[PDB]
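Read through the structure below, which is laid out as structure tokens, and then see the notes.
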Amino acid sequence: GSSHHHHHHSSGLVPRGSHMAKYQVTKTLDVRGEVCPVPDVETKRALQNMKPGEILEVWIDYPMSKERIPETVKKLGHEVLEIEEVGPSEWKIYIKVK
């Protein structure tokens, strides 16, 4: 994947924070060019089995947070940390299980 050696990436506090902020994200959920109904059951596990202080990403053409709200609100409220856009119907959302 991305792990090959020791952690020597984000060592010192670099102020080179470009457009995209280097937040403490854990996983990323991408449902762009989907095929089989596998990705569907995937997101289901996200809300069905949310972890305490988890942080996930969302890259699609629709706000998945729609179902996220009912879940996080059942316990706390919402996993809202960041929201942005990219193109016409393609947007990017940031979610974080508190």
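Per the entry's author numbering, the sequence shown starts with residue 1, numbered consecutively. Even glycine gets a Cβ: it sits at the ideal position worked out from N, Cα and C.
Inset, instruction - May I ask you to report which of helix, strand or coil DSSP gives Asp-40? - result: Working through the sequence shown from its first residue, we reach residue 40 at position 40. Note: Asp-40 maps to helix in three-state DSSP.
Legend entry - Simplified DSSP state of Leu-47, which is helix, strand or coil: In the sequence shown, residue 47 corresponds to position 47, counting from 1. In this structure, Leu-47 counts as helix in the three-state DSSP scheme.
Legend entry - Backbone secondary structure at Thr-28 - three-state DSSP: Residue 28 sits at position 28 when you count from the first residue of the sequence shown. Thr-28 falls in the strand class under three-state DSSP.
Inset, instruction - State the DSSP-derived secondary structure class of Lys-98, mapped to helix, strand or coil. - result: Against the sequence shown, residue 98 aligns to sequence position 98. Residue state, collapsed to three classes: coil.
Inset, instruction - Starting from residue 103, trace the beta strand (DSSP E) both ways and give me its first and last residue. - result: Because the chain in this structure spans residues 1 to 98, residue 103 falls outside the shown range and cannot be described.
Legend entry - Which of helix, strand or coil DSSP assigns to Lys-74: Against the sequence shown, residue 74 aligns to sequence position 74. Helix, per DSSP.
Inset, instruction - Compute the Euclidean distance between the alpha carbons of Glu-85 and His-4, then round it to the nearest angstrom. - result: Counting from 1 along the sequence shown, the entry for residue 85 is found at position 85. Counting from 1 along the sequence shown, the entry for residue 4 is found at position 4. Between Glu-85 and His-4, the C-alpha separation is close to 32 Å.
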